[PDB]
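Q: this one's experimental. Sequence and coordinates below.
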Amino acid sequence: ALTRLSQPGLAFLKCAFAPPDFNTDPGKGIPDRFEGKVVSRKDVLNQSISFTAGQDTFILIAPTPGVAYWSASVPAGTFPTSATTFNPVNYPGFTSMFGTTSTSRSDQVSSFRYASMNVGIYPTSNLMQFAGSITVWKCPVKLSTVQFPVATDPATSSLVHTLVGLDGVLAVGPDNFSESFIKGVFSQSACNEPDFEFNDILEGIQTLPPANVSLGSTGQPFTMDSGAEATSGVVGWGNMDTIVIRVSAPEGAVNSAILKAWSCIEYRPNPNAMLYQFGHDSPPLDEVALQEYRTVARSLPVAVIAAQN
Amino acid sequence: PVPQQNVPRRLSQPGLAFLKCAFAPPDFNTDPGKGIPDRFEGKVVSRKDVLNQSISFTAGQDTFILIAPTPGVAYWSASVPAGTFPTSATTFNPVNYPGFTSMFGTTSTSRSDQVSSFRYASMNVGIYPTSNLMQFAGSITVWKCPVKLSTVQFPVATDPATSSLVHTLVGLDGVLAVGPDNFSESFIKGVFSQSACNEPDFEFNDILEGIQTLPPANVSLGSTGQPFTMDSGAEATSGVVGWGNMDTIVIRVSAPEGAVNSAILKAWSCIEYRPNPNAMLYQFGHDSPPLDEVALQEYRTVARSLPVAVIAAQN
Amino acid sequence: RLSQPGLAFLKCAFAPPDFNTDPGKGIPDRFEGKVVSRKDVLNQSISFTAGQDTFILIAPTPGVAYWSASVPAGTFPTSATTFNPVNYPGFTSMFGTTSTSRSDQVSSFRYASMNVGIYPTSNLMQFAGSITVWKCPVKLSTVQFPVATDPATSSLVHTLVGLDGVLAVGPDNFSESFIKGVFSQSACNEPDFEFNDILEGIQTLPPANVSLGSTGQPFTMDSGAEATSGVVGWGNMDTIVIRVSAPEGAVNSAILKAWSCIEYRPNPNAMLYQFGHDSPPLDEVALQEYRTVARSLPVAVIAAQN
Amino acid sequence: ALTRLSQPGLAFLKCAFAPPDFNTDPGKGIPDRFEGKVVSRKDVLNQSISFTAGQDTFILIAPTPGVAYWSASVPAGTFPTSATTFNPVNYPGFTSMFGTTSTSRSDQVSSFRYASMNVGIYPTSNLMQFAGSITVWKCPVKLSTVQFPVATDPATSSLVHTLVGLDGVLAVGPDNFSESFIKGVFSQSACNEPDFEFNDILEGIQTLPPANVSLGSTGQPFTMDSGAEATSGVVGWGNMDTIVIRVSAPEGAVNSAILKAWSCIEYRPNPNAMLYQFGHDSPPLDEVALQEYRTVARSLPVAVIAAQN
Amino acid sequence: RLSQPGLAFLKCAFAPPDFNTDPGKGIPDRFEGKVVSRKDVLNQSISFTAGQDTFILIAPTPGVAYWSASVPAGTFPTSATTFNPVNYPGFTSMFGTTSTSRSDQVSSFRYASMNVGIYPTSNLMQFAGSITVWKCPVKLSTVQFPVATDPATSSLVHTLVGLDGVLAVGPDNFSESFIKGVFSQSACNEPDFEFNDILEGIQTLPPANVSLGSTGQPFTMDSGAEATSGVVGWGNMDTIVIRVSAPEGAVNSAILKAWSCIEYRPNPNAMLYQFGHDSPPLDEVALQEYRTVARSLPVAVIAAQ
Amino acid sequence: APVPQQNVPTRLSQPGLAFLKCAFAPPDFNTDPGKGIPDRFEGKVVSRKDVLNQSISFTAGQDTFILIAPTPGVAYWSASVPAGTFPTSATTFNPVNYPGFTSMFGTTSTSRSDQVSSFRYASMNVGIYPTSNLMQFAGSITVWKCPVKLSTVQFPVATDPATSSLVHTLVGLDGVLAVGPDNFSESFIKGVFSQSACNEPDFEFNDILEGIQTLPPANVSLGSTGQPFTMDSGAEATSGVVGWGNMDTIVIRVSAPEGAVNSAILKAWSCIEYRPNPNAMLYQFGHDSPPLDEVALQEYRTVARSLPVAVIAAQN
Amino acid sequence: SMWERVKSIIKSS
Amino acid sequence: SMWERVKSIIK
Amino acid sequence: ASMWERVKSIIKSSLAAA
Amino acid sequence: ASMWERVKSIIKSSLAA
Amino acid sequence: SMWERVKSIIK
Amino acid sequence: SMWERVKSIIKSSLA
């Protein structure tokens, strides 16, 4: 009875829930009430990562546009502390769309809304040297502000950005998936709002908390860093659930795998830029497609082994 | 002629429970709230708060009470000389719901340890007089104002000079006069009112940090533009956590000289939360109810077809 | 099939000048609260300067009709260009005469319509020039930069993003001779309507004591004295950019018009609370037809058919 | 009759000869032996130009990627001299494709080849004040090198770029189109080689002749300038004939028009650029289309009036 | 329909290792002059290091098999990276022993095929890692910049264009485990086969006394002494990029092979002129099949087939 | 688990006969019949035919080398060496011009492009006709071909601050120092007639180079470039190098022993095309290139392959 | 009677 | 006209 | 089976049970 | 007529002849 | 099998 | 005696 949905709805479902089952990614947009001009960007990452033995590796798939994941390492058996810093790994083509200056992120696009987010891990080590496990759970991180006085002459008050919800990474969530390392994983995330809303593009954000602001004045557990302004940065925060993956390696293990990620995104292009040529109207409204999207999001498990992706 | 191109060419049980939590709290043995039957179907935690406070009104003064959509706080109150209205020298103080520290910590920068988002579904109030028919004198008035939270921007003369951005409240001027739509009766009859969402949909709001007093410290009242000051006191007892999409209820109690007035004050709440996986309350959560159009329409219809307030005998 | 409020919404949205009076009475969405509906109309007689290009922006700023500036012919606005506002009638009677008095009468707002029109008033012996129209999605955001005080702190100020699309004509545009006029509309750029709070204390973007370079804005948006105009918010609408070119020796004179269909949330103590009413209920057909018509219309048409 | 040509052949002919007679999608690509992965970049311009009374305006439609035309003004009755300098007008979206530095032009692409090049002038002024004419002729400009010694210590020899064939702008060609100003113009160019070849991307070029090299030692008639490296520059020179347009205006004449340009261009993208997502395979060989291309190019006038575009 | 020269050209182009002796004897195009065909094969055993990434470039430089460099694991080549060559047997017998003697035997060339393959030789208890392959269209161009001498002048130097594609894996790639191997081939990126000249004096790119910043290149290419290797040209074939990542505590070993079907223009004074012959005549069907097959093949394939 | 993979994929025409006649048999016909190259290109071109008649006498006891190179406006280059030897590093080659060089390429080394900007060859021939009697002559004649091209050489210079240089150089000149396996040799009194052919799969247009008067140029040593010998051009007002086409180079060696008295007449042909500047006077003599003709090209290739290197003057 | 008044409105429509 | 054009779009 | 098969099964069951 | 009509006519004439 | 893949393509 | 040679070659090739 798959003839009750239009082609754009089926393509949207295929992008949202099963990228790697097709030779070419199917998708034209989000079948909602908005029917403006958007540019559909499809991001794919192929990265090979080797896990250190005797350390715990955390990987965050956050809804930051143009960035694949953030990673950090801590001693085995422990959790991130106030001295732990996460570093990003970019998608192919960050500087071709978001410039090379911290105050030039909106020279090509002005707003975005996420449509899908997928990840997968494929082990490549032999069956006689591996050891460890893989754990996956989700946390609702959000971007907010914080106000605190400052002792100057004359004294004033300050308002700076902050991340609320990072405390969910300090313990394993009751809704989790645990299995052997040699089995792999494949997980996806869904929207956490009753409707798809366009978010703006922020400027000047490199590290959270910003410079001259000390940790503890913001209430954050740890720090997020991006390095040089000419390589990477933070340009926004979408309405998605953050996926947290922890891979534990005991002493003497040889662990390696292949990491993949996908993302359907919608952008609002500027006539000044070049990507405006490929813009197209967003697909019209499909109510049954949205209802089935909600149902399938509620039905699937947290994660599955790599053989069932 | 220049050529042109690119030319375009019945109800369900969750809904009934939602309506019951929204409109008739005190007519049922147990609070039946389950959630909001909207599109969102994620993991949420539902909390219900009730307060039972005994209060006696000072004769010769006017008492103002605000039921603001601030989580963890029941109401804000201030007193002014009779026949007048709050001025620039008045300060409002809060009365907390039970168990504020169990949900928002004991420090200004520890409010987001257990939760990160919220959205309101109901907010009610009630007053029941507890005096004999000879002592009392006065009246009770109730009206609503649409207060919202926004920001202000002003320059500061430092070395070098800079600019500042701080939080403000817009719409507080509705407390300085009686609105055309109101309910006024004698003191001995009581009151019972409720509120409704002032948005076309239900959206989650973040948890703010570091807010103790509006305006904040080292900022004058003139720069902000507010008519009066909201203060919470020590951070170990109470604070400001956020602002929801609900209207504010304003109550004024007037008492002439020689009058002895006593009553009991009550409040209600039906509020959802987004919990953190490391929190101890995460295990009490569930999933949000699915979509229900009929309930969402009848909610607006009933909210539009209701009076501002009724006497305590019709709670 | 539709109801009267939905049809009236369509009329205010698409065809203002085809009827004696504006029939719109609200936005048929789920909200059914207490609102105040206001329709603002401007009528200005403008003569364009010969030998220069004039840029006009139709921005969703309440109380202001349009912003405009003049640049040398053949060029585009640069870092030394500043835009100035032209107010709707009765700005101070609603938004006060002080930068910190913008929220005394209203609290929030939301848009429903925005249209512009140009009618030439030159004979067939002096006119020379063309009119170009294209749309850009300008939004309001914030920027974070550090400042070296004693001790060093970090700041946070407002900033308009998407302004870089003004400096280039897009592939989707309308261009014709000056003697033909123009008539362009606008539509909401969000899946649904929602209210925006009234801002306070904003006069010029960027604010004083803040350098233009550190914000990334291509140019400035000044408003002048606090007793005349100011910035009180930014709606969910797409900006309209119009360029008018006039060679030396030509005489261009036209009539500029602007329309609006705006809702507010009045304060109880305000003097305009008595004019309020309830928002119309929900109607699906009207919203669907609104979306379809807004998708299917062209960028602009000649003034002969408006 | 017309069923002997495949769809790519018809689309290529349409983009090559008649851009402004269709709404969207001028074409797909060049149907020759090459069937690699290319990106088709369709450019279009809309500029309003006012001509000074008492001056002669020269416009060159050069095959320089990312630049629409170069213009200069000379007193009436004369031709460009050694003191004349031509300044460029860019297509929308230059810096988004060729960077903002002189040595960063090959970040997104590496090679190119032209497929079409058209122009058109539409008058705007009234019928009671205009005065003048429009003349069009084509010149075969090429890019080569010039060598000359330099008296340093020790003495060396220099080999710098130069333009050969620029003397055709100093006179009206025998094959030319001329008519009044109020009628407009429409012209096109064609490939001047037996086959379509890819051209590389040049770096560091900002002025021809470059700095520290005096005009006169290179044999060039006049100078071509592009300004600051953050706005415009020279990246290459395709295999097409330059189009020269001269507009003459006597004293007391008010002249104005709208200039429109088109371009079918094929690019070779880079793996790390955002453009790679929109690449596709070049159409296969079609001999009939290639023959009709030459036949129609040979059987067409130099230019026609704007009413017959 | 297909003549013998066209079949031989297809065999040398697409499937070298399937036959006892090479069949190819030229390119069946219009040109029918005097040429000297040559096939070059390199057989090398390589053991990839542990805890690092290895990048291999199969570039169309005559007489050189591939260029390689190593970087810390989980990273990409940076401005401090340098690539070094490994050449075919018999470089000095054809291109001399000095930087200005590269054209004493031949004067032109044109490629016909360029292939590579990896065969692992590790047991089932040591191997760990993956192999990724993608193609980048690198070309040779020039750049100009001013110099502050007395008097001031301008300088024109050679510069590789398109090297930025090595810093990110493209959507069109092949990835699998290390124990499976790989085998890929390249094709012409021009609509016709044309000859290229022989360059002189090139040792490093960028050249000496020229900083890397002023050329726009991401990294450096060095060939060392003039008596062992050098750069003599750049053909019209796409570059194949291979990344091999090895974890710590693993042993990876394999055998690397490379093939090349090439043509030359000999000099009458050279000793290899006696081996020459005339180029085969035209054959349209062979060229059409070449185009179709080159279009229809995947990026890479496991070594089992 | 296996890693998923995505994005997986007839008679001739008059122009042809004229082309063959200009290419292969110049001196047989009353008037040169050449029209143009019947390729796909059909733009505006100017076609020219150059013939030189020169009477030459060879010194007894020396070896005379003559190069027929594709340099526009120049007939041949001449040098002399002692008998039994070959050119060395001290040998210098001087040109002999076609008539009317200054009327086409100016009198200034930077004026070469004031009239044309592109060219391409179609034919090149040479012939020698002895005039001495049958009692005073002695010697031989040898003819072979070399594929000389034009490229660049890069080297550093120790200036302040040090930079890197890039100049022009000729590659393939080493084929003149030895007799080629494919050659024609006979007595002197019989003469020779030879012709060349294109060495590229298609006919393309080159560009006009500026400033070249010597190779290697001024202030550049011979060792840096790696060339065997030099190619001078004399005063800049007389002659110069303006390009290099896609044709082979013909080298002729005439050996004269002591006591011999050899005299002859040298001829040269050239069937060429040009791209005219619109401001030039030559533009009025131009026309359009002939259309495509496949059979003409096929027979061109076949006859070019099937002809010997050279023949005696009796079968010119 | 608060809930009894609510049911009156729903029964009306 | 304009309202006539819109009226035709709906039909 | 695979993930698309289970998604198809979910959708088909939901639509048949409506 | 327009320009595409001219191109079509040229093509038809060429194919007919 | 590569020669079989080529042969299958030509078919 | 040269054009006849080319004519003979052409006739032989066509035969």
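A: Structure's in. What do you need? Residues are numbered from 1 along each chain as shown, chains lettered A, B, ... in the order given.

Q: show me what contacts residue 13?
A: Here I'm looking at chain A. A:5, A:289, A:292, A:293, A:296, I:7 (C-beta atoms under 8 Å, 6 or more residues apart in numbering or on different chains). Heads up, the C-betas are built off the backbone N, CA and C, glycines and all.

Q: could you do chain G instead?
A: residue B:301.

Q: and if you look at residue A:250?
A: For residue A:250, the set of contacting residues under the criterion of C-beta under 8 Å, 6+ apart consists of A:53, A:54, A:76, A:131, A:132.

Q: tell me how far it lies from chain I.
A: Computed as C-beta to the nearest C-beta, to the nearest Å, the residue A:250 to chain I distance reads 31 Å.

Q: again with residue G:6
A: From residue G:6 to chain I the distance is 31 Å (C-beta to the nearest C-beta).

Q: and for residue A:255?
A: For residue A:255, the distance to chain I under the criterion C-beta to the nearest C-beta works out to 25 Å.

Q: what's the neighbour count on that residue?
A: When counting by other C-beta atoms under 10 Å in any protein chain shown, one arrives at 27 neighbours for residue A:255.

Q: equivalent analysis for the one 10 residues further on, please.
A: The number of residues packed around residue A:265, counting by other C-beta under 10 Å, is 21.

Q: in the stretch 151-300 of chain A, which spans are helices?
A: With DSSP state H, counting those that start in this stretch, the ranges of helices along the stretch 151-300 of chain A come out as A:287-299.

Q: where along it do the strands fall?
A: Under the criterion DSSP state E, counting those that start in this stretch, strands of the stretch 151-300 of chain A are mapped to A:156-164, A:177-180, A:185-188, A:199-200, A:223-224, A:242-248, A:255-269, A:280-281.

Q: and of those strands, who's closest to chain B?
A: strand A:156-164 (4.2 Å; C-beta to the nearest C-beta).

Q: what lines up beside the closest one in the sheet?
A: Using DSSP bridges, the neighbouring strands of strand A:156-164 in the sheet come out as strand A:142-150 (antiparallel).

Q: ok and the residue in the stretch 51-200 of chain A nearest chain E?
A: Of all residues in the stretch 51-200 of chain A, residue A:92 sits closest to chain E, at 4.1 Å by C-beta to the nearest C-beta.

Q: what does the stretch 51-200 of chain A have sitting close to chain C?
A: Taking C-beta under 8 Å from any C-beta of the partner chain as the criterion, the neighbours of chain C within the stretch 51-200 of chain A are A:103-104, A:106-107, A:110-111, A:150-153, A:158-161, A:195-198, A:200.

Q: now with 10 Å, please.
A: Proximity of the stretch 51-200 of chain A to chain C (C-beta under 10 Å from any C-beta of the partner chain) is limited to residues A:99, A:101-111, A:113, A:145, A:150-153, A:156, A:158-161, A:194-200.

Q: just the buried residues of these.
A: When those are checked for burial by 16 or more other C-beta atoms under 10 Å in any protein chain shown, the buried set is A:99, A:102-103, A:105-111, A:113, A:145, A:150, A:152, A:156, A:158-161, A:194-200.

Q: mind exporting the helix or strand encompassing residue A:46 as PDB, just the C-alpha atoms?
A: Using DSSP states H and E, residue A:46 sits within strand A:37-51. Below are the C-alpha coordinates for strand A:37-51, written out as PDB (Å, rounded to 0.1, in the frame of the first residue of the first chain):
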ATOM      1  CA  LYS A  37      13.500  28.100  -2.400                       C
ATOM      2  CA  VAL A  38      16.100  25.900  -0.700                       C
ATOM      3  CA  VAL A  39      19.300  24.100  -1.600                       C
ATOM      4  CA  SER A  40      19.500  20.500  -0.500                       C
ATOM      5  CA  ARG A  41      23.000  19.600   0.800                       C
ATOM      6  CA  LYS A  42      24.100  15.900   1.200                       C
ATOM      7  CA  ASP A  43      27.100  15.400   3.400                       C
ATOM      8  CA  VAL A  44      29.100  12.100   3.400                       C
ATOM      9  CA  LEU A  45      32.200  11.300   5.500                       C
ATOM     10  CA  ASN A  46      34.600   8.400   5.200                       C
ATOM     11  CA  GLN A  47      37.000   8.400   8.100                       C
ATOM     12  CA  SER A  48      39.200   5.600   9.400                       C
ATOM     13  CA  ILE A  49      39.900   5.800  13.200                       C
ATOM     14  CA  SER A  50      42.100   3.700  15.400                       C
ATOM     15  CA  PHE A  51      41.100   3.400  19.100                       C
END
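
Q: taking strand C:130-136 as reference, get the angle to that strand.
A: When axes from the mean of the first three to the mean of the last three C-alpha atoms, to 10 degrees is applied, the directions of strand A:37-51 and strand C:130-136 differ by 40 degrees.

Q: hmm, strand A:37-51 touching chain E?
A: Yes. If you take C-beta under 10 Å from any C-beta as the test, strand A:37-51 does meet chain E, through A:42, A:43, A:44, A:45, A:46, A:47, A:48, A:49, A:50, A:51.

Q: direction included, what does that strand pair up with?
A: As defined by DSSP bridges, the strand partners of strand A:37-51 come to strand A:255-269 (antiparallel), strand A:280-281 (antiparallel).

Q: hang on, the earlier thing: out of the strands of the stretch 151-300 of chain A, flag the one nearest residue A:139.
A: strand A:242-248 (5.1 Å; C-beta to C-beta).

Q: so what strands line up beside that closest one?
A: Partner strands for strand A:242-248, per DSSP bridges, with pairing direction: strand A:55-61 (antiparallel), strand A:133-139 (antiparallel).

Q: and residue A:178, how many neighbours?
A: Considering only other C-beta under 10 Å, residue A:178 is surrounded by 12 other residues.

Q: pairing partners for residue A:143 in the sheet, please.
A: With beta bridges defined as DSSP bridges, residue A:143 has these partners: residue A:163.

Q: which residue does chain G have closest to chain K?
A: Evaluated by C-beta to the nearest C-beta, chain G has residue G:13 as its residue closest to chain K, separated by 69.6 Å.
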